[PDB]
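Shown next, in structure tokens, is the structure this report addresses.
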Amino acid sequence: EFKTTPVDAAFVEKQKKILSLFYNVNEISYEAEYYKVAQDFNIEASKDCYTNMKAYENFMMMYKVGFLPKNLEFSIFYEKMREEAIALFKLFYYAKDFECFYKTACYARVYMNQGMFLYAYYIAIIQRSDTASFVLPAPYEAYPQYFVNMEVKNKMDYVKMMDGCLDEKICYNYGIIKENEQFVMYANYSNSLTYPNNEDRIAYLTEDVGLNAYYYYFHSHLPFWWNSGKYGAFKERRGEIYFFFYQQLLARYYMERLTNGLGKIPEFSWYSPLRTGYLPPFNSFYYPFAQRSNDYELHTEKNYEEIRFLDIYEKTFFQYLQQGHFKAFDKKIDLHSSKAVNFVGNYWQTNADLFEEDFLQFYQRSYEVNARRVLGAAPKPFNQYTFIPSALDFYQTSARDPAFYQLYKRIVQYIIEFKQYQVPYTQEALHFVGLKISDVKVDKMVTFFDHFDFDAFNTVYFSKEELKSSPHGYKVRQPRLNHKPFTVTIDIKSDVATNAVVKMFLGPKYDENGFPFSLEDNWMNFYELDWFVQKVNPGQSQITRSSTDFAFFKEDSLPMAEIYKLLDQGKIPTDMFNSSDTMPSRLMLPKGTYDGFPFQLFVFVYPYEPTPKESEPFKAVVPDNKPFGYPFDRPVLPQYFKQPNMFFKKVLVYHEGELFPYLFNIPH
Amino acid sequence: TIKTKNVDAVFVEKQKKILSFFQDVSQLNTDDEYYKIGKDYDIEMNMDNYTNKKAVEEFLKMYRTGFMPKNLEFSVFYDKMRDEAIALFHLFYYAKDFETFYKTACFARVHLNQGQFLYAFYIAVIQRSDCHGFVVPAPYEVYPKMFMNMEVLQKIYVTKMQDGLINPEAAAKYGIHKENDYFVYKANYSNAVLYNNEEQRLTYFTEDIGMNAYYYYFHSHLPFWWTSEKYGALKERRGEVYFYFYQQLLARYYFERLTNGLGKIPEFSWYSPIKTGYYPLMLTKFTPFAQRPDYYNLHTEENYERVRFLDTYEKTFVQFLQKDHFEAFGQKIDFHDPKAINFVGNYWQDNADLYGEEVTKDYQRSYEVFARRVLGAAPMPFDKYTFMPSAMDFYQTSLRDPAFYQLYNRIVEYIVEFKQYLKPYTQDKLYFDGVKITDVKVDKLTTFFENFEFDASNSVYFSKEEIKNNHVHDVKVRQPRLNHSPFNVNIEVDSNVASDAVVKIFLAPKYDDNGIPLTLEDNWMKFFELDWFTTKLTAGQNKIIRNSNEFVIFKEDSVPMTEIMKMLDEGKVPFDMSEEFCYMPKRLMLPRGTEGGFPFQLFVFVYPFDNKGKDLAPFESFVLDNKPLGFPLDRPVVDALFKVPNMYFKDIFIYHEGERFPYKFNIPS
Ligand SMILES: *[C@@H]1O[C@H](CO)[C@@H](O[C@@H]2O[C@H](CO)[C@@H](O[C@@H]3O[C@H](CO[C@H]4O[C@H](CO)[C@@H](O)[C@H](O)[C@@H]4O)[C@@H](O)[C@H](O[C@@H]4O[C@H](CO)[C@@H](O)[C@H](O[C@@H]5O[C@H](CO)[C@@H](O)[C@H](O)[C@@H]5O)[C@@H]4O)[C@@H]3O)[C@H](O)[C@H]2NC(C)=O)[C@H](O)[C@H]1NC(C)=O
Ligand SMILES: *[C@@H]1O[C@H](CO)[C@@H](O[C@@H]2O[C@H](CO)[C@@H](O[C@@H]3O[C@H](CO)[C@@H](O)[C@H](O[C@H]4O[C@H](CO)[C@@H](O)[C@H](O)[C@@H]4O[C@@H]4O[C@H](CO)[C@@H](O)[C@H](O)[C@@H]4O)[C@@H]3O)[C@H](O)[C@H]2NC(C)=O)[C@H](O)[C@H]1NC(C)=O
């Protein structure tokens with residue numbers, strides 16, 4: 001069913017050790033392995049478990065003081081917590097070998113705030129080169145409270161308090177059933193009480209567990225606060241990735257907007273009311289998540305300083321552009337080079353690369369952090385360890401808030417204003433001399449919703465006795481967007497046998513009006529679907545390529561239950577190991593219409609130039625010296641896009657079955 | 001295929017005379033008979049030719065002070081202009097007989113303002129009992145300036161100045177063709193050139209020449225400023241008609257919103273800015289129409305006085321609501337009485353019947369008049385005769401403005417509030433003893449666009465020679481309009497006892513924007529009436545078939561006045577122009593479908609046609625029933641106490657064929 005990889009026994013021991021810190025994250029089991037190891041791990045007397053004496057002794061300074069206590073909300077966006085998280089990450093990452101890393105994690109798993117631990121631990125598994133290939137459970141299994149709406153969470157809690165079902169038939173009518181002595185709780189996406197506006201049409205994409213997790217993975221693969229020295233040659237292209245990642249996401253999101261009749265992502269002002277509100281159905285130990293009403297005035301007393309910070313952060317960018325020959329933080333940088341694109345993305349992110357340092361420093365203030373605090377609408381932190389959460393406080397929940405897409409669309413618009421200074425590609429740079437795409441055909445592209453399970457066991461609490469047996473079996477089931485596999489068929493005539501790159505993009509055909517888009521106005525609204533190297537023959541030849549093979553999408557994560565079962569076969573899911581940071585397959589297509597929703601497919605073929613071997617942080621970084629998003633990485637002169645080796649096809653996206661997800665969660 | 005009807009040479013003569021006034025409307029053929037009559041006609045001398053001594057003298061006192069001059073724009077929303085229009089109306093209406101009427105109009109055509117004349121003439125013909133049965137051409141043929149953008153108009157103007165085309169093939173590129181001795185101009189809706197908000201999705205509806213012409217007919221059949229005493233039975237029902245007309249219009253419009261993915265009509269405040277602007281592309285020979293930018297602050301200095309008026313007008317009503325029972329306007333009104341709907345509607349239209357008078361007076365300030373002015377965004381009028389027009393100074397253009405629908409949504413909603421005082425019908429009143437609907441079946445419902453032409457000749461000025469030789473009809477405008485295929489409705493009913501029955505057909509949405517099914521409790525006012533009729537039931541099972549083109553509430557397109565001349569030569573007139581003047585055009589019956597098929601519901605009601613104790617035959621051949629208009633959806637419903645064996649809700653889907661977008665019809669290749 002799913003791609004597997006054979007895996008050896010030494011691997012199985014280690015993967016098991018890793019996965020085991022993810023069970024009942026909210027409680028300590030006094031008789032699990034990890035607790036004994038933690039009791040036995042003398043942090044004081046193990047300087048020699050670490051590569052780096054400075055990292056170690058830094059941790060100890062903080063530790064002898066004290067860290068964020070257990071059970072409070074952790075967010076990387078508050079300074080003191082970040083600095084604690086980073087100290088923990090350093091320890092994890094400079095652990096001499098796996099056993100030392102294991103012991104430290106056990107230690108932290110017992111003695112530290114669980115959000116803080118989980119955050120550094122994910123990040124550590126991904127970055128340590130001895131853990132590179134190891135698999136993680138999906139964030140929704142690790143943090144189910146950020147992915148379950150309140151309604152469902154309370155239903156789960158009440159079945160635990162009752163220790164099961166009064167009678168099946170009552171519970172069935174509340175969407176609660178038993179399968180194989182496991183509880184299944186049916187969950188709707190939220191109604192207009194949480195999206196009090198049109199943005200509620202889109203709840204099935206914005207609340208999707210895959211899409212939210214996607215963003216979390218993205219953050220974990222290269223956190224803003226860390227340099228990218230780990231990845232060598234890639235360092236010089238970090239800011240490029242930032243733009244590309246957000247341009248792609250907004251392209252995807254606009255496409256969902258279009259199929260639900262919704263139009264452009266709205267623009268705002270720090271000095272004006274923001275139109276579209278959001279009321280999160282989440283809560284922390286102390287606080288329900290902050291709500292932002294409709295027409296929320298951004299410019300109130302408590303935001304005045306933050307807004308002045310944000311306002312000048314943007315205008316500083318404008319001043320660079322006005323000046324052409326800019327220069328922040330050491331060098332003079334020219335706008336027509338690419339040292340430039342690097343700078344641009346880093347600038348908007350305030351990442352560690354901007355300042356050319358290893359880790360972000362306590363006093364270095366982020367644009368994104370301050371925007372997130374203003375848009376999140378929360379009252380100010382009570383003390384440094386206690387803030388009032390909003391959706392924008394976490395990567396697991398950010399994509400739920402319409403303001404998220406508005407903030408990032410603004411940043412993307414600014415970056416695009418810079419792209420006006422880049423030289424557009426000429427005819428000769430885009431022409432594949434001697435080669436011509438003569439036709440493109442596609443299978444029916446069809447979307448539908450179907451059910452989806454995950455274990456939400458991590459936010460139910462369990463007794464001392466039950467913990468001895470690491471208990472799960474509280475499953476949430478959700479209708480989720482999906483599509484049928486299709487094939488793309490490309491017809492090629494060339495003069496000569498050569499290696500080629502084939503790329504595919506999906507973009508809109510018509511605006512909200514019903515007018516055709518021009519390339520000049522639409523290049524930013526295409527997202528990449530696939531990338532691959534093909535060996536062409538001389539003459540007439542034919543390339544077929546299934547959607548299940550598209551380079552940039554993954555299969556669904558498996559639950560840990562399945563992971564252990566596969567592990568017992570020496571098997572592992574390829575997609576969870578080789579590409580967690582990639583968008584889920586089921587969301588590759590925006591919801592269609594029974595009708596057939598008009599979009600367009602761009603197939604581009606250009607020569608393969610042999611670029612040697614790396615090991616970069618995302619699967620978006622493909623073995624090619626070309627810009628990411630190439631040839632749609634910058635403004636376009638439309639007269640150059642009628643190259644024989646390019647082809648635009650109208651495709652229609654259909655939908656099958658029920659149009660509305662709630663029709664799948666109705667009892668009788 | 002035009003529903004015809006036969007006529008005698010006396011009719012044709014009168015009819016040709018009536019029609020003569022609509023030719024070359026902005027000019028005088030000093031050769032035509034209408035001129036000779038008009039020039040010399042002495043009104044004082046003819047006082048004995050009028051039913052009303054003082055209406056003649058009132059007129060002649062007005063006429064000696066002077067009337068609105070030629071060429072300036074007329075609108076009935078301004079005091080002095082209205083009063084002259086009414087003064088002239090009376091003169092027309094009290095003419096002894098046709099001869100007198102005709103000579104009077106000749107005078108008015110030669111000497112009075114043309115929009116003033118036409119406005120009064122039009123109404124006179126609908127109102128004079130000796131003119132019932134006569135035909136008037138389409139308002140778009142009469143005021144083509146009002147039914148088309150600047151772009152077409154300028155092309156038309158350019159062609160007349162050059163006296164033809166310098167380059168046939170360059171003209172073709174501009175949507176300008178010569179067919180026969182006609183110039184045909186293709187025309188787009190305004191969204192093909194302007195997309196300033198989402199409301200531009202709906203310009204094939206709001207700019208539809210049929211829909212706009214419809215509203216002008218409605219106004220002309222019963223002006224707010226005139227009593228309805230002449231319509232007998234309708235007098236105690238005037239308010240209900242007013243509500244019903246807007247309620248219907250707004251349900252229809254809302255449907256166009258849903259299929260274009262736009263949801264509820266937005267609410268506004270007199271104290272806040274309003275979101276959606278309007279940017280008229282229409283030209284006045286003297287001026288440009290006023291623009292309302294987006295986020296127009298209604299409450300600026302120039303409106304402080306008008307808004308204090310609108311607010312009290314509204315609040316007085318909120319006070320009536322709170323009071324339940326009260327004496328207003330010299331009448332004790334009770335809100336639990338359903339008949340109070342008469343007063344309610346009258347109050348919002350500030351019509352003459354509110355005061356129980358023949359004609360409204362200047363000091364009876366109208367709410368609608370002042371809402372239209374406020375929302376129109378015009379600067380203050382220069383003087384009594386000189387204003388900056390907006391879409392909302394004219395019945396012909398009002399539907400073009402999104403703010404129009406918001407205004408009347410506002411008023412309708414306040415009326416809905418009063419409706420909450422009415423007891424919902426019980427089982428007992430709705431239940432047809434021994435009758436049951438077992439099935440309803442519908443033919444595919446499909447929409448599509450097809451081209452439509454009209455004579456735009458009145459927008460153009462002809463030379464003395466052309467006026468003589470009567471080559472004055474040569475300009476046609478071609479524009480895609482919405483339409484639909486004919487479809488049948490099969491009703492299968494069981495009844496044990498034979499008897500007469502009324503069959504009613506209603507159309508409604510099926511889901512809100514969240515895609516939750518419409519409950520009746522909330523959504524009874526979003527039902528649009530398609531058809532009213534009677535049949536004979538027999539014991540056993542019957543099949544009732546009804547075609548969409550037998551639907552009583554809709555009419556066929558008017559024919560151009562040129563074709564009416566052709567027909568009058570055979571002794572014929574098109575039926576739907578004569579007694580079905582003021583119904584909505586059939587082509588606009590259904591909202592534009594989607595290609596996958598948009599979900600609606602069809603509601604079918606069957607109830608006994610007992611006798612006809614009281615039936616409407618005065619203004620409208622409409623409610624031949626003792627039943628409220630929109631019966632049984634004229635008041636709030638209870639889902640549970642509502643459904644009975646003789647009602648059927650059927651799920652229906654509205655398709656669309658061919659091009660989705662009008663502009664696709666105007667591409668040259
Ligand atoms: C109702 O509301 C009130 C007020 O909000 C709230 O009171 C607060 O309770 C918390 C704890 O629940 C209090 O915090 C504790 O305070 C003591 C002493 O605090 C003072 O002394 C410190 C040093 O002497 C000084 O530095 C402080 O600034 C302060 O003046 C602390 O000792 C407590 O323990 C720490 O807690 C952390 C664990 O989460 C650790 O960082 C820390 O280190 C650890 O400790 C062990 C020894 O136990 C050591 O061996 C390890 O090395 C380990 O790292 C230590 O355990 C704790 O901070 C807070 O002060 C109260 N507020 C006020 C204003 O008095 C009530 O609790 C609320 N009640 C309810 C029912 O909700
Ligand atoms: C209603 O609204 C719709 C939508 O707005 C209008 O539809 C538009 O109609 C346009 C024509 O008026 C059409 O533009 C043409 O597109 C075709 C197809 O690509 C081109 O062939 C045309 O280009 C010719 O004219 C240009 C300038 O006018 C020249 O620059 C160009 O050279 C070309 O001329 C020809 O090409 C040769 C050059 O090598 C030349 O030698 C030869 O002799 C030719 O003359 C136009 O660009 C729009 O594309 C179309 N819009 C859409 C979205 O479809 C419609 O016109 C409006 N209708 C009315 C009645 O107002």
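Here's how to read the names in the structure tokens: chain A, B, ... by the order shown, residue numbers from 1 in each chain, ligand numbers from 1 in the order shown.
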- Contacts with ligand 1 at most 10 Å, only C-alpha atoms and all ligand atoms counted, listed as a VMD selection string: chain A and resid 62 to 72 111 to 113 286 382
- Could I get the residue neighbourhood of ligand 2 at 7 Å, counting only C-alpha atoms and all ligand atoms, as a PyMOL selection string? (chain A and resi 515-516) or (chain B and resi 173-175+185-188+192-193+663-664+666-668)
- Quick one: residues within 7 Å of region 461-477 of chain A, only C-alpha atoms counted, chain neighbours fewer than 5 positions away excluded, as a VMD selection string? chain A and resid 23 29 31 182 to 187 451 to 456
- Query: Mind checking DSSP for region 294-334 of chain B and telling me the helix (DSSP H, G or I) residues as a PyMOL selection string?
  - Reply: chain B and resi 301-323
Would you mind listing, for every residue of chain A within 10 Å of chain B, the two atoms forming the shortest contact and the distance between them in Å to one decimal, using only C-alpha atoms, sorted by chain and ascending residue number, as a Markdown table?
| residue | atom | partner | partner_atom | distance |
| --- | --- | --- | --- | --- |
| A:191 | CA | B:514 | CA | 8.0 |
| A:192 | CA | B:514 | CA | 8.1 |
| A:197 | CA | B:514 | CA | 10.0 |
| A:198 | CA | B:513 | CA | 8.1 |
| A:200 | CA | B:514 | CA | 7.5 |
| A:201 | CA | B:514 | CA | 6.6 |
| A:260 | CA | B:261 | CA | 7.7 |
| A:261 | CA | B:261 | CA | 5.3 |
| A:262 | CA | B:261 | CA | 7.7 |
| A:263 | CA | B:198 | CA | 8.6 |
| A:512 | CA | B:198 | CA | 8.4 |
| A:513 | CA | B:201 | CA | 6.5 |
| A:514 | CA | B:661 | CA | 7.3 |
| A:515 | CA | B:192 | CA | 8.7 |
| A:593 | CA | B:596 | CA | 7.0 |
| A:594 | CA | B:596 | CA | 5.0 |
| A:595 | CA | B:596 | CA | 3.7 |
| A:596 | CA | B:596 | CA | 7.5 |
| A:597 | CA | B:596 | CA | 9.8 |
| A:654 | CA | B:596 | CA | 9.6 |
| A:659 | CA | B:515 | CA | 8.9 |
| A:660 | CA | B:515 | CA | 7.1 |
| A:662 | CA | B:516 | CA | 9.4 |
| A:663 | CA | B:516 | CA | 9.8 |
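Closest to residue 377 (chain B) among B:580, B:657, B:401, B:181 is B:401, based on only C-alpha atoms.
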- Task: Excluding region 362-371 of chain B and residues on its chain fewer than 2 positions from it, collect all residues at most 10 Å away from it, counting only C-alpha atoms, and give them as number ranges by chain.
- Result: B: 76-80, 82-83, 224, 270, 303, 306-307, 309-314, 347-352, 355, 359-360, 373-376, 392-393, 403-404, 407-408, 411
Please produce an output containing C-alpha atoms for each residue in the selection, written as an mmCIF file, in the first residue's frame.
data_model
loop_
_atom_site.group_PDB
_atom_site.id
_atom_site.type_symbol
_atom_site.label_atom_id
_atom_site.label_comp_id
_atom_site.auth_asym_id
_atom_site.auth_seq_id
_atom_site.Cartn_x
_atom_site.Cartn_y
_atom_site.Cartn_z
ATOM 1 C CA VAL B 76 -39.411 62.819 -10.074
ATOM 2 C CA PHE B 77 -37.431 62.880 -6.795
ATOM 3 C CA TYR B 78 -37.126 66.668 -6.743
ATOM 4 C CA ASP B 79 -39.936 68.817 -5.467
ATOM 5 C CA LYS B 80 -40.473 71.382 -8.176
ATOM 6 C CA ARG B 82 -42.476 66.339 -9.451
ATOM 7 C CA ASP B 83 -45.100 69.019 -9.039
ATOM 8 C CA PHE B 224 -45.952 56.643 -4.908
ATOM 9 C CA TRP B 270 -26.279 55.823 8.402
ATOM 10 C CA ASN B 303 -25.645 64.735 5.108
ATOM 11 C CA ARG B 306 -30.696 64.201 5.820
ATOM 12 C CA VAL B 307 -29.374 61.461 8.182
ATOM 13 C CA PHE B 309 -34.289 62.605 9.124
ATOM 14 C CA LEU B 310 -33.655 58.971 8.094
ATOM 15 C CA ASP B 311 -32.824 57.992 11.643
ATOM 16 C CA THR B 312 -36.038 59.409 13.146
ATOM 17 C CA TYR B 313 -38.028 57.906 10.311
ATOM 18 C CA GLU B 314 -36.570 54.516 11.289
ATOM 19 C CA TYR B 347 -45.402 54.145 5.878
ATOM 20 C CA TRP B 348 -42.165 53.007 4.222
ATOM 21 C CA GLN B 349 -43.134 54.309 0.790
ATOM 22 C CA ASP B 350 -44.526 57.500 2.250
ATOM 23 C CA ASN B 351 -47.221 57.226 -0.452
ATOM 24 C CA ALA B 352 -50.389 59.321 -0.776
ATOM 25 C CA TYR B 355 -52.267 60.383 4.327
ATOM 26 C CA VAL B 359 -51.366 63.506 -4.352
ATOM 27 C CA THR B 360 -48.391 63.685 -1.920
ATOM 28 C CA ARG B 373 -30.087 61.076 -2.166
ATOM 29 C CA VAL B 374 -27.796 60.125 0.721
ATOM 30 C CA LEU B 375 -26.604 56.884 -0.930
ATOM 31 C CA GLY B 376 -26.414 58.540 -4.353
ATOM 32 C CA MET B 392 -30.879 56.321 -8.007
ATOM 33 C CA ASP B 393 -32.553 59.477 -9.288
ATOM 34 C CA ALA B 403 -26.800 50.220 -2.721
ATOM 35 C CA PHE B 404 -30.340 49.965 -4.161
ATOM 36 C CA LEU B 407 -31.684 50.036 0.891
ATOM 37 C CA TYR B 408 -34.725 47.940 0.135
ATOM 38 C CA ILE B 411 -36.828 48.316 4.546
#
- Task: Can you check which residues of region 507-541 of chain B DSSP gives as strand (DSSP E) on the backbone and send them as a count of residues only?
- Result: 15
